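Chains F and a, in that order, are what the protein sequence lines are.
The entry's author numbering applies: residue 66 is where the first sequence begins, and numbers increase by one.
The entry's author numbering applies: residue 11 is where the second sequence begins, and numbers increase by one.
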Amino acid sequence: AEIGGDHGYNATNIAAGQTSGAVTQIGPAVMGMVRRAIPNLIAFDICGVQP
Amino acid sequence: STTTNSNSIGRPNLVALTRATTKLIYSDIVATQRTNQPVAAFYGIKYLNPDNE
Numbered sequence: 066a067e068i069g070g071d072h073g074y075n076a077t078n079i080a081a082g083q084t085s086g087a088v089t090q091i092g093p094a095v096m097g098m099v100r101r102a103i104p105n106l107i108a109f110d111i112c113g114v115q116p
Numbered sequence: 011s012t013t014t015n016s017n018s019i020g021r022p023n024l025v026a027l028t029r030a031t032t033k034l035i036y037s038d039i040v041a042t043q044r045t046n047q048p049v050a051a052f053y054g055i056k057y058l059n060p061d062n063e
């Protein structure tokens, strides 16, 4: 009669793996990284260039 | 009488070099398994009684 438990849903426990149950998981897997998008240039046609 | 007082010695023969370093034991003494991430989590898994010892 053994309990698997849940993390407290506290973001502190879930990241450490603390668990009320029998097992403390290694950690929170990974779902991948979310970067921030690189915003766009307006290019230079709007103004004469002349390198 | 030319003797070894006249002769002048250019250099010494290097003979032997010595660097003093301990026989180093961290290899035999400790159980080592490399970690692929900056934090290393050893499980340990205990077989209990119904009394938890």
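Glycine is no exception: its CB is placed at the ideal position from the N, C-alpha and C atoms.
| Item | Value |
| --- | --- |
| What distance in whole Å lies between the Cβ atoms of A87 (chain F) and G69 (chain F), which are believed to be in contact at a cut-off of 8 Å? | 6 Å |
| State the start and end residues of the unbroken alpha helix (DSSP H) segment that holds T77 (chain F). | 76 to 81 |
| Measuring only between beta-carbons, confirm whether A50 (chain a) sits less than 8 Å from chain F. | no |
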